[PDB]
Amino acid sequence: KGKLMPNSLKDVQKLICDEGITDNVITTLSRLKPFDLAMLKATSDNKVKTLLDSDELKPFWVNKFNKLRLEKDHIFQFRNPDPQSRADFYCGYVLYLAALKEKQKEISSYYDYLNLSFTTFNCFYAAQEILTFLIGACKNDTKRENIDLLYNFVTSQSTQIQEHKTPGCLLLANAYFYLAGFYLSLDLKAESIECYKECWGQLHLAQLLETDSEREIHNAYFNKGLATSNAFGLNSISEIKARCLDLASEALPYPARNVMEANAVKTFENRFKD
C-alpha cells in the first residue's frame, strides 16, 4: 500500500480542484488503472464528481467506453447506453468485472465492488449478478427470511432497474416469477399471487419498451438475444407471457392481467414519454 499511504485518489482529487479539466489532468486520468479510475468517480466529493461529469471530460470517457472489449468475442462493441452516460457505464462495468475477479478468491471484495457497481453507477450486470445470487440462495434455503430479502430488494430497486428499459423489466419479471414460486412453496398464496401480478406487469412494460431498447438489449446480453433473460430460454416476450400464464394459472385471471397491463401502459406514457 504505497498507494494509500501516498493516497493516489486524494492526490488526483486535489489536482482536479486545483486545475479543473486540463490536458494535464486528462493525461493523469488516462494513466490510472481502470479499477482506480472507476473507484475515483465513485468516491469523490461532489465538486470533483461534477468536474468528472463536466462536458470537457466527455471525449476522454467516450474513448474509454469505445475501447471496451469482451474476453471471448473480440468484435463485440458496446452501443451508446441511452440516458446513462458512457462514463457511468464504463465505471460500473469495470467495478462489476473487478467484483467477479474477487468471487472465488476473497469473496469479501466481491460484495463491496458489486454494491458500488450497482448502487453508485446502476450497472445492469451488477443488478443481474445481485439478483442471481439472491435467487440462488432462496433455491438452496427457501426459508421466509431469504424470500423476504429477495422481495425487499426487488421492490426497493425496481424503479432504478427499469432505467435499463426492456432488459431491466425482464430482469425484474424474472425475479418476481421466482418469488411467486418461492412464496407458493411456503403456502403464502397471497404473496405468490402478488408476485405473479408484478411479473406480468413487468413483462408487459418490457414488451412496450422493446422497440426503443435495442441498444440496451445489445449491451445487456452481449448481442446474444433475449434467450438468457428468462427461464424458458425464449426470444419472444409474447411467448414468455404465454408460458408464465400456463404455470401461474388461476393466480392471473384476465381482469388481473388487464389491470397490470394498464399500469404498465401508464408507466410507459408517463415515464418513458419519448
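Numbering starts at 1 and follows the sequence shown.
As the entry records it, the average C-alpha temperature factor is higher for 104-112, out of 162-170 and 104-112. For the segment pair 121-129 and 68-76, the entry gives 68-76 the higher mean B-factor, averaged over Cα atoms. Out of 156, 142, 192, 202, it is 142 whose C-alpha atom has the highest B-factor in the PDB entry.
In the PDB entry, residue 246 places in the middle third of its chain by CA B-factor.
Sort the modelled residues of the chain by CA B factor and residue 31 lands in the middle third.
Sort the modelled residues of the chain by CA B factor and residue 16 lands in the highest third.
Remark: residue 180 belongs to the lowest third of its chain, ranked by C-alpha B-factor as recorded. Annotation for residue 138: CA B-factor lies in the middle third of the chain's modelled residues.
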